[PDB]
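Trainee: I am attaching a structure below and will ask some questions about it afterwards.
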6 protein chains.
Amino acid sequence: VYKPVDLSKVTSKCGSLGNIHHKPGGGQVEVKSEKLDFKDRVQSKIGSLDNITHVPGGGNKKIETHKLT
Amino acid sequence: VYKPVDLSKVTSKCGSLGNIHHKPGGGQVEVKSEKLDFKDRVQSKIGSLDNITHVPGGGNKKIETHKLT
Amino acid sequence: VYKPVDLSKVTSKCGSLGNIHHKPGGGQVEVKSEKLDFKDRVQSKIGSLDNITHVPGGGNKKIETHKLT
Amino acid sequence: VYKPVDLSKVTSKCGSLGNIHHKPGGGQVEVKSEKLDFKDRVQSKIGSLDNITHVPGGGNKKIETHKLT
Amino acid sequence: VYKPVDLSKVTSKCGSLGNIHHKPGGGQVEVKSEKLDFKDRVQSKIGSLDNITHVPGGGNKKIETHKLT
Amino acid sequence: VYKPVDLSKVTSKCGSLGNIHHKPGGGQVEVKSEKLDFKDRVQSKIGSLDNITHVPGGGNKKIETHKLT
């Protein structure tokens, strides 16, 4: 017989959340290339890529796992 | 016999959520290329790509997992 | 017979959460290349990439796991 | 025979230009006058006058002069 | 025979330019005048006048002069 | 025969330029005048006048002069 119990609280209060500024790549990015030789695959990313601003009002997280085997 | 119990709470309160500024790539991205040779596949990304602004009121998460075997 | 019990609280309070400035790559990034030879795969990232601003009001976490085998 | 040659550059790059605050005359101006006597022209300026905020992207200058005599 | 040659550069890079605060005359100006006598021209300036905020991204200068005489 | 040649560079790089605060005349100015007599021209300046905040990204200068006489 298997009867685990959770009554827990995962809680957050905030008076205000804000004035959050994320300014990636506000300057110069400058790439110069001459007489290059590539015999195999090239993957290139230049500039302001994949940046994240994540401002959840709570962002609280529960992870729970159970296994019988 | 398997009878797990959860009565837990995952909760948040925010009085106000805002003034969130995400400004990726506000400057110069400059890319000069001369006499390059590519014998295989090329993938190129230039500028402001795949940036995310994610501002969920709440944004709380529950992950729960069960297996019987 | 398996019957764990949890009554826990994971909790926070913030009066205000803000004036958060993340400014990666506000300067120069400069990359000059001449007469390079590449016999195998090339991966290149130049500029302001993959930066994160993560401002969860709270952001509290519970991890729980149970196994019988 | 006069054949000067100019191939010069005057150049600038700025990634981002901003958060400029000019607040002239934010305090208190009080001017009391009694029994003044003026026999000739009067010019009077009182308060916040002729203040300048000048924010050119660029603002570069070339002056060039040529003379035969 | 007059054939000067100029191939010069005058150049600037700035990644970011900002948070500039000019606050002239934030205090108190009080001017009391009694029984003054002026037989000739009067010029009067009272308060916050002719103040400048000048923020050129660049602001580079070339001055050039050529003369035959 | 006059054939000077110029290949010069005048150059600057700055990553970021900022947090500049100019606060002239934040205190108290009081000017009390009684029974003054002026037989000729009067110029008067009272308060916060002609103050400059000058923030050129760059601000580089070349002066050049050429003369035959």
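Numbers here mean position along the shown chain, with the first residue as 1.
This deposition comes from electron microscopy, 1.9 Å.
Cβ coordinates come from backbone N, Cα and C, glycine included.
Pulled the feature table from Swiss-Prot, pasting it below:
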{"type": "CROSSLNK", "residues": "D:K3", "note": "ubiquitin cross-link"}
{"type": "CROSSLNK", "residues": "D:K9", "note": "ubiquitin cross-link"}
{"type": "CROSSLNK", "residues": "D:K13", "note": "ubiquitin cross-link"}
{"type": "CROSSLNK", "residues": "D:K23", "note": "ubiquitin cross-link"}
{"type": "CROSSLNK", "residues": "D:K35", "note": "ubiquitin cross-link"}
{"type": "CROSSLNK", "residues": "D:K39", "note": "ubiquitin cross-link"}
{"type": "CROSSLNK", "residues": "D:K45", "note": "ubiquitin cross-link"}
{"type": "CROSSLNK", "residues": "D:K61", "note": "ubiquitin cross-link"}
{"type": "CROSSLNK", "residues": "D:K67", "note": "ubiquitin cross-link"}
{"type": "CARBOHYD", "residues": "D:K39", "note": "glycation site"}
{"type": "CARBOHYD", "residues": "D:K45", "note": "glycation site"}
{"type": "CARBOHYD", "residues": "D:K61", "note": "glycation site"}
{"type": "MOD_RES", "residues": "D:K3", "note": "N6-acetyllysine"}
{"type": "MOD_RES", "residues": "D:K3", "note": "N6,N6-dimethyllysine"}
{"type": "MOD_RES", "residues": "D:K9", "note": "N6-acetyllysine"}
{"type": "MOD_RES", "residues": "D:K13", "note": "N6-acetyllysine"}
{"type": "MOD_RES", "residues": "D:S16", "note": "phosphoserine"}
{"type": "MOD_RES", "residues": "D:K23", "note": "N6-acetyllysine"}
{"type": "MOD_RES", "residues": "D:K35", "note": "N6-acetyllysine"}
{"type": "MOD_RES", "residues": "D:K39", "note": "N6-acetyllysine"}
{"type": "MOD_RES", "residues": "D:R41", "note": "omega-N-methylarginine"}
{"type": "MOD_RES", "residues": "D:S44", "note": "phosphoserine"}
{"type": "MOD_RES", "residues": "D:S48", "note": "phosphoserine"}
{"type": "MOD_RES", "residues": "D:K61", "note": "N6-acetyllysine"}
{"type": "REPEAT", "residues": "D:29-60", "note": "repeat 'Tau/MAP 4'"}
{"type": "SITE", "residues": "D:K3", "note": "site 'Not glycated'"}
{"type": "SITE", "residues": "D:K9", "note": "site 'Not glycated'"}
{"type": "SITE", "residues": "D:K13", "note": "site 'Not glycated'"}
{"type": "SITE", "residues": "D:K23", "note": "site 'Not glycated'"}
{"type": "SITE", "residues": "D:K32", "note": "site 'Not glycated'"}
{"type": "SITE", "residues": "D:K35", "note": "site 'Not glycated'"}
{"type": "SITE", "residues": "D:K62", "note": "site 'Not glycated'"}
{"type": "SITE", "residues": "D:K67", "note": "site 'Not glycated'"}
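I'd like to know what surrounds each of these features in this structure.
Mentor: For D:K3 (ubiquitin cross-link), the count of additional Cβ atoms within 10 Å of its Cβ stands at 10 [all protein chains shown].
A C-beta separation below 8 Å, combined with a sequence spacing of at least six in one chain, links D:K9 (ubiquitin cross-link) to none of the other residues.
Taking a C-beta cut-off of under 8 angstroms and a sequence separation of 6 or more, D:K13 (ubiquitin cross-link) has no same-chain neighbours.
Counting Cβ atoms from all protein chains shown, D:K23 (ubiquitin cross-link) has 17 others lying within 10 Å of its own Cβ.
According to DSSP, D:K35 (ubiquitin cross-link) sits in a coil region rather than a helix or strand. In sequence order, the list of same-chain residues 6 or more apart from D:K35 (ubiquitin cross-link) whose Cβ falls under 8 Å from its Cβ is empty.
Within its own chain, D:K39 (ubiquitin cross-link) has no residue 6 or more apart in sequence whose C-beta sits under 8 angstroms from its own.
In three-state terms derived from DSSP, D:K45 (ubiquitin cross-link) belongs to an extended strand segment. For D:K45 (ubiquitin cross-link), no same-chain residue lying six or more positions away in sequence has a CB closer than 8 A to its CB.
Summarising the environment of D:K61 (ubiquitin cross-link), the number of other Cβ atoms within 10 Å of its Cβ, over all protein chains shown, is 15.
Here D:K67 (ubiquitin cross-link) comes close to no residue that lies at least six apart in sequence on the same chain with a C-beta under 8 angstroms from its C-beta.
According to DSSP, D:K61 (ubiquitin cross-link) is assigned to a strand segment.
Under the three-state DSSP scheme, D:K3 (ubiquitin cross-link) falls in the coil class.
DSSP assigns D:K9 (ubiquitin cross-link) to a strand in the three-state reduction.
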Trainee: Could you check the recorded positions D:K13, D:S16, D:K32, D:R41 and tell me which sit with their Cβ under 8 Å of a chain A Cβ?
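Mentor: So the ones by chain A are D:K13, D:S16.
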Trainee: Select from the recorded positions D:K3, D:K9, D:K23, D:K35, D:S48: which have any Cβ-Cβ contact with chain B shorter than 8 Å?
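Mentor: Out of D:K3, D:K9, D:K23, D:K35, D:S48, none lie under 8 Å of chain B.
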Trainee: Using a 10 angstroms cut-off on Cβ to Cβ distances, just flag whichever of D:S16, D:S44, D:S48 is the loneliest among these modified residues.
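Mentor: Selected from the modified residues D:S16, D:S44, D:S48 on minimum Cβ neighbours within 10 Å: D:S44.
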Trainee: Given the recorded positions D:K32, D:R41, D:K62, and counting only Cβ atoms in the protein chains shown, which has the most within 10 Å of its Cβ?
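Mentor: Of the recorded positions D:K32, D:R41, D:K62, the highest Cβ count within 10 Å belongs to D:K62.
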